[PDB]
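**Q** Once you've seen the sequence and the experimental structure below, I've got questions.
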Amino acid sequence: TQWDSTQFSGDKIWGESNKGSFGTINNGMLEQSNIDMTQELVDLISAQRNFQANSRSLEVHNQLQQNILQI
Amino acid sequence: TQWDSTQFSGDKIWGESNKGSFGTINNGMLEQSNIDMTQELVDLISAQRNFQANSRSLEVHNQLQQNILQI
Amino acid sequence: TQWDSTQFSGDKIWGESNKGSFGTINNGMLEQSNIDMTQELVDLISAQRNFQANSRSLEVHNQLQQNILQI
Amino acid sequence: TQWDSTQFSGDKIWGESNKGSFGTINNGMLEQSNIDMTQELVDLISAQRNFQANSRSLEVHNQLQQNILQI
Amino acid sequence: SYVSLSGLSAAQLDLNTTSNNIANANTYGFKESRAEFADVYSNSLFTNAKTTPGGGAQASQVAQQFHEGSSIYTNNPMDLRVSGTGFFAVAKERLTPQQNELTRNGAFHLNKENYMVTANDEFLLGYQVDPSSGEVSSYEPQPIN
Amino acid sequence: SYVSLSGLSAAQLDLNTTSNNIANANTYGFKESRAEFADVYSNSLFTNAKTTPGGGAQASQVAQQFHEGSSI
Amino acid sequence: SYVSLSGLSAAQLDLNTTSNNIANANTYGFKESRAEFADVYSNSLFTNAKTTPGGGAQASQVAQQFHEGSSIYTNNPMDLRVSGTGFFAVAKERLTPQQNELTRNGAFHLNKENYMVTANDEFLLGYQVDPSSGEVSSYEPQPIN
Amino acid sequence: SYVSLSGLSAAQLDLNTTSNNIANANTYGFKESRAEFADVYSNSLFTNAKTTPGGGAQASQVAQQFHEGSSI
Amino acid sequence: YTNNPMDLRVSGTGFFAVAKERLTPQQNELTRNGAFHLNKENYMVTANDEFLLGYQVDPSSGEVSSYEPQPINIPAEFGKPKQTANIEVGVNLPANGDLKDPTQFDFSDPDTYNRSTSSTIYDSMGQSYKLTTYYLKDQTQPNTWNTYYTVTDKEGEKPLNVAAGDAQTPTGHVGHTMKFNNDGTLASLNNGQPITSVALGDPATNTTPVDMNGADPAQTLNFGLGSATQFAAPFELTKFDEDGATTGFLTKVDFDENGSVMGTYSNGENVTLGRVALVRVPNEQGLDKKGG
């Protein structure tokens, strides 16, 4: 969970806490992942559905080519 | 419930009671575990939820692979 | 039941009894705790009620997640 | 529990206590949350019911799609 | 399926708002929040309308209902409550009264400099009254000492 | 769910403060404590504000109400 | 068939992204990822266009959505969290503060040398303030002792 | 699937840590443990980055929170 | 719904306009996805780092002046300290207040005038100055008031003279007169002339030049008091608006329904960065399909 500054990101801008556009620093806390389990599970289901649809299309293509072969 | 000093820990710094950075010694008392049952139970529930989510993801992966297998 | 002077508190301002803004000293008396049992018990009941409400909310969240899991 | 004045809010209109449209200031009191536990719990139940209904609808959609898939 | 997902999102948003309201049941000066939603419909150039179903539900805004809350009595005169319309004004720093935020809780106490501050040591903004005349001369906010 | 957990933590903190006050009912010179909390809200650079709910409740401070106690 | 293969690849990439997001649900300071795709089409000099079908779907980028996550309370003051915009700076070695990386988790502890380090014993970069003046004199980052 | 397996491993490690904490509820002088995890990402010479998903979750360390416990 | 405000959707008919290069807005293509993010130069670009074309609106007027497409920039600083030029003041004056002698006005003596108000102004370089306004109720003419202005720098409090104010004290201070109708509404201001003050730091026009400390000495202030009234109510500062500004940092950015990208800074100004261009073609079925 560490990042570095690249060409596209730009250059690191150093600063203090609660100064300018920077935020604040709180002791006694930690940050959790910024994910929502409901959304992740729904997206998982949708991705599975899309994968099944694409597999069906690929099977259709293969069946068509094999039907051409048996002539 | 015993510890030893390793390289990362440092070296054992000896001292008296109520001297420098050390604490005091009280007789007639004992230390209990520094745990909170409420927090432990809630963490248990959350860990079970995460484990179920991960098992669902693994099941989705296996279902996709088996779906491709049947072509 | 002892306190010390920290940065936020300020600095200890020394003085006599019944001089300036200080109070008086009476012998033969002691201070009890400045608490009201009625208010403490009522607050105890209210805190229990709030804890139950929050537990209900957490249970609802977990039930929603488990319902989504079973799809 | 602090607010700031934005464009939609308008501009901060200063005034005294019990003057014009302002209210009064009473010492020795504090404000609690302006919530009603009964209403919050009932809304919680209703929201859970709506979430379950929507999950049922999503499951029906997925079942229809998977039924079409098996042709 | 996206309509059902929108319904799930709206229901979970209402659930989160209710959970926040329940969690803040003891916070002083807190104001509840209400979730309001709106219908979604397309506006294509060639829309059949009669043959086109809805598009789900979209979150409109989370309200900030500001109705007066109940009052507790602590018998501590440093605690203040604004009965009616109005907000307390507190400044982050003593020397910059311009940078201020509005609040409602009145858990005030004197800091080491004998200034009235909040729990976060934020100075309470006040006026300066005339020695004899009751009316306040200058309306600029300044910390109370 | 973390909002509900924060509410649970705040309620348990208030419960502990009240329990400490009740336990110290006979200690000489003890001063009661009051638990004060505050709301939580993010300050992201790109915040929807209208479409973003609250963030729970955070403990602000445990007060040390110093009002004069009774004399025995 | 290559279009179907591209669809399969895109779906599997999204599946992997979702699996990673679910796996990192408990990691401190983690930021989720979103998979975004784009259309594929030829740009031949002599293209029928009207009589030419699509070219499948190609992955555009994996996002790094940086919206603020939830916060947990551990009552351990050595744990730090950045509320808003900002990252912690950590250096691999104490003697090379220039070589540093950005992070968000605040699981800090004193090492055997009384320096604040992360879980991987990476030193935390900090400033040096004046004894009396609150403003920091030199803005170069140095390990905190 | 290996990312999902890593998630399962991390969840089970946290479960075991919580179980140990609960089991040691009566041991005198025991100090609880906290499980901290970290993200995984490859560092190949030719990495597309924008087109490369994560590598799962890796257990970082099991902490030994040494905050003072209650006294009997 | 991703709850990410940088993600945009065109509901209805219209296409987003994106340019391959920042310096060539003419070479542009149409798109529908709204996965936008700031590049290292604080320009809104797509996933392929293609700049989003937008308009340039007027500072005050909502209507866009020029319809040419240009890349949209979101500066992180309000790097232009704007001097105060126009100040709008709306007050209610006490009709039952005690009369005062116009010839005996002196800002050093509170008893000579009726009311005094304080406000803050900014110069070209952003230095804060204290502006004090003195209101005096005319004795000779009923329903007549005299208004004077003073500026307090570090050197001291220096009176400010109006260019054409019809209130000349024996000392030399120049104010302006305000008159009201029978109903208490506003009748006239400075004999119908606009209220423009002399230059703050120019000795050629001011007998007490304000120490600009390096700022522009020819700064002038225009006072708008079109809402001033004289009723039975006591003295009250109902409204105070200025056009001054100070340096600040980008705090938040939002989008309205019109497509204008607004951002608020620490100073308080709600700077409108621009608008988002929308493109519609008569026959969408004939557009050639590029990648992405």
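**A** Arrived safely, thanks for sending. Residues are numbered from 1 along each chain as shown, chains lettered A, B, ... in the order given.
**Q** Over to stretch I:99-113 now: how far is its first residue from its last?
**A** With Cα to Cα, to the nearest Å as the measure, the first residue of stretch I:99-113 is 9 Å from its last.
**Q** Report the distance from that stretch to the chain centre.
**A** Here stretch I:99-113 is found 32 Å from its chain centre; the criterion is Cα atoms, centre = their mean, to the nearest Å.
**Q** Outside of that stretch itself, list whatever touches it.
**A** Here stretch I:99-113 makes contact (Cβ atoms under 8 Å, 6 or more residues apart in numbering or on different chains) with I:114, I:116, I:132, I:134-140, I:146, I:148, I:150, I:157, I:159, I:167, I:169-171, I:173, I:175. Just so you know, the C-beta spots here come from the backbone N, C-alpha and C atoms, and that holds for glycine as well.
**Q** for stretch I:201-219, same thing?
**A** By Cβ under 8 Å, 6+ apart, the residues outside stretch I:201-219 that reach it are I:83-85, I:123-125, I:127, I:129, I:151, I:153-155, I:158-161, I:172, I:198-200.
**Q** and if you look at stretch I:246-258?
**A** Around stretch I:246-258, the neighbours that count as contacts under Cβ under 8 Å, 6+ apart are A:20-21, F:45-47, F:49, I:5, I:8, I:62, I:74-79, I:81, I:122, I:126, I:128, I:261-269, I:273, I:275-276.
**Q** Can you flag the buried ones in those?
**A** Under a neighbour-count criterion of 16 or more other Cβ atoms under 10 Å in any protein chain shown, the subset of the contacts of stretch I:246-258 counted as buried comprises A:21, F:45-47, I:5, I:8, I:78, I:81, I:122, I:126, I:261-269, I:273, I:275-276.
**Q** and those residues, which of them are in strands?
**A** Secondary structure from DSSP state E places I:122, I:261, I:262, I:263, I:264, I:265, I:273, I:275, I:276 of the buried ones among the contacts of stretch I:246-258 in strands.
**Q** Surely residue A:55 touches residue B:69?
**A** No. Under the criterion of Cβ atoms under 8 Å, residue A:55 makes no contact with residue B:69, lying 10.1 Å away.
**Q** unless I'm mixing things up, residue E:110 is touching residue E:116, no?
**A** Yes. Contact between residue E:110 and residue E:116 holds when scored by Cβ under 8 Å: they sit 6.4 Å apart.
**Q** Overlap in contacts, these two.
**A** Between them, residue E:110 and residue E:116 have residue E:78 as joint contacts when contacts are counted by Cβ under 8 Å, 6+ apart.
**Q** and the ones in strands among the buried ones among the contacts of stretch I:246-258 as a markdown table, adding distance to chain H?
**A** Rendered in a markdown table, the data for those read as follows (distance: Cβ to the nearest Cβ, whole Å):
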| residue | distance to chain H |
| --- | --- |
| I:122 | 46 |
| I:261 | 26 |
| I:262 | 30 |
| I:263 | 28 |
| I:264 | 32 |
| I:265 | 32 |
| I:273 | 27 |
| I:275 | 30 |
| I:276 | 25 |
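**Q** about what we covered before: just the buried residues out of the contacts of stretch I:99-113, in ChimeraX syntax.
**A** Selecting only the buried entries of the contacts of stretch I:99-113 in ChimeraX, with 16+ other Cβ under 10 Å as the criterion:
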select /I:114,116,132,134,135,136,137,138,146,148,150,159,167,169,173,175
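**Q** Tell me which of the contacts of stretch I:99-113 fall in strands.
**A** Those of those lying in strands (DSSP E): I:116, I:132, I:134-137, I:146, I:148, I:150, I:157, I:159, I:167, I:175.
**Q** TSV for the residues you listed, including distance to residue I:18?
**A** As requested, the ones in strands among the contacts of stretch I:99-113 are exported to TSV (distance: Cβ to Cβ, whole Å):
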residue	distance to residue I:18
I:116	57
I:132	53
I:134	58
I:135	57
I:136	62
I:137	64
I:146	61
I:148	57
I:150	55
I:157	57
I:159	58
I:167	60
I:175	58
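**Q** Pick out the most distant pair among those residues.
**A** Farthest pair in these (Cβ to Cβ) is I:137 and I:157. Separation: 21.9 Å.
**Q** Just give the closest residue to residue I:11, not the sequence neighbours.
**A** Counting by Cβ to Cβ, 6 or more residues apart in numbering or on different chains, residue I:11 lies nearest to residue E:43, which is 6.4 Å off, once chain neighbours are set aside.
**Q** And for residue E:99?
**A** Ranked by Cβ to Cβ, 6+ apart and with sequence neighbours excluded, the top spatial neighbour of residue E:99 is residue E:92, at 5.6 Å.
**Q** For residue C:66, see how far away that neighbour is.
**A** Going from residue E:92 to residue C:66 by Cβ to Cβ, to the nearest Å gives 44 Å.
**Q** ok, the residue nearest to the spatial centre of chain E - contacts?
**A** Geometric centre of chain E, nearest residue: residue E:31, 6.0 Å, by Cα atoms, centre = their mean. Contact analysis of residue E:31 by Cβ under 8 Å, 6+ apart lists D:33, D:34, E:64, E:65, E:66, E:69, E:104.
**Q** again, 7 Å this time
**A** For residue E:31, the set of contacting residues under the criterion of Cβ atoms under 7 Å, 6 or more residues apart in numbering or on different chains consists of D:34, E:64, E:65, E:66.
**Q** Please apply the same query to residue E:140.
**A** Counting by Cβ under 7 Å, 6+ apart, residue E:140 touches residue I:118.
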